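Every chain is numbered from 1 and lettered A, B, ... according to where its sequence line falls, protein lines coming before strand lines. Quick note: numbers below take in every heavy atom, side chains included, and nothing from hydrogens, waters or symmetry partners.
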Protein chains: 2
Amino acid sequence: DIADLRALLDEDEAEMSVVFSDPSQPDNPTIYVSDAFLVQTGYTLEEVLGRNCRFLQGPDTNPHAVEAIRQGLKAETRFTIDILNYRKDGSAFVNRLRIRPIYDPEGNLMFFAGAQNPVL
Amino acid sequence: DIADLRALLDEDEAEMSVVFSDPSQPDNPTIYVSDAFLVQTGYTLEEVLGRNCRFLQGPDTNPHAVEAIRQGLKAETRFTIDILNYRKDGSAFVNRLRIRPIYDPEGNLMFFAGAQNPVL
Ligand SMILES: Cc1cc2nc3c(=O)[nH]c(=O)nc-3n(C[C@H](O)[C@H](O)[C@H](O)COP(=O)(O)O)c2cc1C
Ligand SMILES: Cc1cc2nc3c(=O)[nH]c(=O)nc-3n(C[C@H](O)[C@H](O)[C@H](O)COP(=O)(O)O)c2cc1C
């Protein structure tokens with residue numbers, strides 16, 4: 001039996017590029033990525049699953065935006081940021097990234113959900 | 001947002017005593033227990049959440065059955081065993097315990113699900 005991780009996605013994220021990470025593992029790796037995420041970024045599942053999402057950053061990504069995300073994760077709060085991200089072919093897009101924490105019944109942090117929206 | 005852990009329970013477990021444990025945490029603690037489990041065993045949620053399920057064992061529980069469960073968990077396979085368990089008031093009941101592993105998309109073990117059925 002494989003856990004249905006998508007059973008935790010909001011209504012808005014259903015047809016979206018979305019990823020879940022596991023902050024209890026070293027380096028906060030992705031444990032689920034939606035097909036829309038893979039289509040947008042140009043990766044196969046094996047290329048991104050189990051990796052920290054920093055692979056989306058590239059040479060002109062703003063380092064303060066990266067640190068803002070890092071601090072937002074440590075705060076365990078809902079936050080959104082516009083950040084320059086890159087596909088496998090090196091093309092760049094402005095990503096409106098929305099992150100939210102997901103807790104277990106005891107109240108301990110369990111996952112992060114991150115939804116990607118290219119800014120048009 | 002609290003994860004809907006019950007979104008991973010089978011059809012049979014829905015009205016059942018069921019618990020989920022997190023084997024990635026030290027001592028494989030419970031992270032979800034159903035109300036039917038709490039009613040059967042006589043505990044409040046705060047008394048059992050975050051604890052290893054060994055609190056259900058008592059003075060006449062068979063130590064080989066306990067070790068069989070331990071080995072079955074290490075095998076990461078589906079298994080069922082009849083084991084003597086105890087409620088908070090010290091009364092005993094034969095528990096038909098069914099355990100199954102739950103994996104993440106990458107194929108790594110994620111949770112154990114355990115369903116309890118008193119043998120009548
Ligand atoms: C669930 C989740 C989704 C994320 N999605 C993105 C993303 O789409 N683009 C991005 O640049 N960073 C994303 N991140 C952030 C990176 O994984 C990483 O946390 C960020 O680069 C800051 O951490 P670092 O200083 O270790 O790089 C996401 C993080 C999480 C937890
Ligand atoms: C999900 C789950 C449910 C369990 N339910 C029971 C149970 O109902 N009764 C019981 O005696 N042991 C149950 N166990 C087993 C104990 O938690 C523990 O694994 C067992 O006692 C063997 O491990 P130990 O040698 O550390 O005690 C359950 C284990 C898991 C992972």
- Task: Could you grab the distance from atom CG of A:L8 to atom CG of A:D4, nearest 0.5 Å is fine?
- Result: 7.5 Å

- Decide yes or no on salt bridge (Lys or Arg N to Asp or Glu O under 4.0 Å) for A:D27 and A:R54, but give the supporting numbers first. CA-CA 10 Å; A:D27 206 18; A:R54 82 176 56 91; 2.7 Å; yes

- Message: Please evaluate residues A:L5 and B:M110 with respect to the criterion side chain to side chain contact (heavy atoms under 4.5 Å, CB included), reporting the C-alpha separation (whole Å), side-chain torsions for both, the decisive distance (0.1 Å), and the verdict.
- Response: CA-CA 11 Å; A:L5 295 188; B:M110 207 174 178; 3.6 Å; yes

- For the pair B:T30 (side chain) and B:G50 (backbone), establish whether a donor and an acceptor sit closer than 3.5 Å, ignoring hydrogens and angles. yes

- Within the 6.0 Å centroid threshold, strictly below: A:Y43 and A:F55: yes

- Task: For A:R100 and A:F112, run side chain to side chain contact (heavy atoms under 4.5 Å, CB included): C-alpha distance rounded to whole Å, both residues' side-chain angles, the deciding distance at 0.1 Å, then the answer.
- Result: CA-CA 6 Å; A:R100 58 189 180 86; A:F112 285 110; over 6 Å; no

- Give me the one residue out of A:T41, A:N117, A:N85 that meets side chain to side chain donor-acceptor pair (under 3.5 Å) with A:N95. A:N85

- Are A:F20 and B:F20 grouped together when hydrophobic residues (ILVMFWY) are joined by side-chain heavy atoms under 4.5 angstrom apart? yes

- Query: Shortest non-hydrogen contact from A:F79 to A:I69?
  - Reply: CZ-O, 3.7 Å

- Task: Decide side chain to side chain contact (heavy atoms under 4.5 Å, CB included) for A:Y86 and A:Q57; before the verdict, give the C-alpha distance in whole Å, the side-chain angles of both, and the deciding distance to 0.1 Å.
- Result: CA-CA 6 Å; A:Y86 291 75; A:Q57 301 160 15; 5.9 Å; no

- Residue set satisfying side-chain hydrogen bond (donor to acceptor under 3.5 Å, both in side chains) with B:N52, at least two apart, ordered chain then number -> none

- Task: Indicate if B:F93 and B:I83 have the same hydrophobic cluster label, given that clusters are the connected sets of ILVMFWY residues with side-chain heavy-atom separations under 4.5 angstrom.
- Result: no

- Message: Name the residue from A:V48, A:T44, A:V19 that meets the side chain to side chain contact (heavy atoms under 4.5 Å, CB included) definition with A:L38.
- Response: A:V48

- Query: Can you hop from B:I81 to B:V94 via hydrophobic side chains spaced under 4.5 Å?
  - Reply: no

